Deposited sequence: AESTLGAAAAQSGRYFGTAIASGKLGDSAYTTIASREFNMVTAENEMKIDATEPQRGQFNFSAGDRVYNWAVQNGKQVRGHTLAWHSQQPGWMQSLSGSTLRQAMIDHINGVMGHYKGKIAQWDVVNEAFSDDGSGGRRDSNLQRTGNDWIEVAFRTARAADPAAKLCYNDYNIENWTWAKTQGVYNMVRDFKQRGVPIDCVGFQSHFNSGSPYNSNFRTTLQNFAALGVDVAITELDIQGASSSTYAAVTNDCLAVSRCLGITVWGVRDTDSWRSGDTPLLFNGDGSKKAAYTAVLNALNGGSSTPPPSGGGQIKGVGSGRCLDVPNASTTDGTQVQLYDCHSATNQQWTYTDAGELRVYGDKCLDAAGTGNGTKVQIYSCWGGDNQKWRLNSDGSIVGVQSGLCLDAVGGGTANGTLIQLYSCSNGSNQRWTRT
């Protein structure tokens, strides 16, 4: 299979998951996409400490089980998130220290894992234990202050509670190999492997933005960790701006590492994201696939001028005009600027540097023209592997009117038919 992300990932033995919020399981548009596209699920909040043990010793699995059941019934495995973490602790746990806290941690781990024994593929045993100050050391938390060996204890406890689940250490800002935090984490897992501490995987959240951008050396980080004898996983992927190139690069990095189990994006639609303002995911608010979705899919499946297949002619802006509202047409191909289109990471087809292929509506017959680039979804396209060009906002295909092939044939939007007047090739 290769029409969906999960299925395209399965082809190489990997998975493609998302974060699920039980609160949205009632939204039909939400579940339609989630059940179809992903084969791995992480509870966004339902399995955290404050959600599974509101009161000391009083476990509540209502929300967690709702997500677990939905996942399994729809063909997805589940990543447990998370058991030991300095953030979002219940009120009572915050008011604890010393061996008392160390004990509560142990009880919590046994309680949660006992309930889900043998049902969870991976567990984020310890989450975000290192500092961002730039030192590469543990962060100061009530857990760290109970003994530097608390992480080791958490893992030994987890292994005993459920030896079937892969135990991971999860963290952010550890993707760039040159960062001190990355080195801190590396040395810990290195130590752990030598002393026989039970750790099976390292999760790289992969929250990329201009403050902590993706760097190609991410592949090196993954390879270096995998070389220690642990599996690696991209656990909470999201990219500010959702650049198609960056999304593809990250996917290829995982595919290039045999120990990379799979990729999980942190949410379904941009509007579901904890950082919706960054439009960092693969589907937009309308539930429609973004340009990045197509880039990731092609990457999973595959390991200038725009010429129409049926006509042999090129997408042309009449008389090299630059006025907004000028409808594009088919014309004999030639090295002119009014025939050179650039496909940007945002998903636009630009000509003249700042003019965008634009759809003036969403129904059949909508004329395709050029207009000032501003970022509307009616100016974003998906270049499918089958040669079709689909408008993100309309979901319609670029179509050479009436199947015409002569110079001057106009371009419009029309329901995709796989016709030759809807197939294009880049030269």
Going by C-alpha coordinates, which parts of the deposited sequence are missing from this model?
304-312
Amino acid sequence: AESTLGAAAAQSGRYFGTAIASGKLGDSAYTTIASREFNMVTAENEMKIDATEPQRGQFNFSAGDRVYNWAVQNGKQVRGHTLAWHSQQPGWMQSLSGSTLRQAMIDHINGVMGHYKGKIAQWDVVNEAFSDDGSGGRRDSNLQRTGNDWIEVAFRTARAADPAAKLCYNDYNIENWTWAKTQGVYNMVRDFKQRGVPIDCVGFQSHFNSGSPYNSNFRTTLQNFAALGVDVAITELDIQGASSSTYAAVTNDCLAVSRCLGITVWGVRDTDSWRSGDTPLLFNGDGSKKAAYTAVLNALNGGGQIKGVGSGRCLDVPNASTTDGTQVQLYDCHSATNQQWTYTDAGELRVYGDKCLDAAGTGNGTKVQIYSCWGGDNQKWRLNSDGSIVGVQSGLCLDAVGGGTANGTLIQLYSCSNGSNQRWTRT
From here on, numbers count along this sequence of modelled residues.
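What we label the rigid core is the largest C-alpha set whose atoms superpose within 1.5 Å from one form to the other.
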Could you tell me which of the two stretches, 91-99 or 201-209, has its Cα atoms lying farther from the shown structure in 5 other deposited structures of this protein after fitting on the rigid core?
91-99
Select between 305-313 and 100-108 the stretch whose C-alpha atoms have the higher average B-factor in the entry.
100-108
Between 54-62 and 370-378, the record assigns the higher mean Cα B factor to 54-62
By the entry's C-alpha temperature factors, tell me which of 201, 153, 349, 297 sits highest.
153
Select one of 259, 119, 269, 290: the residue whose C-alpha shows the highest B-factor in the crystal structure entry.
119
Residue 391 - which third its CA temperature factor falls in, relative to the rest of the chain
lowest
Looking at the temperature factor on the CA atom of residue 253, which third of the chain's modelled residues does it land in?
lowest
Chain-wide C-alpha B factor ranking for residue 86, given as lowest, middle or highest third:
highest
Which third of the chain does residue 416 land in by C-alpha B-factor: lowest, middle or highest?
highest
Rank-wise, by C-alpha B-factor, drop residue 205 into the lowest, middle or highest third of its chain.
lowest
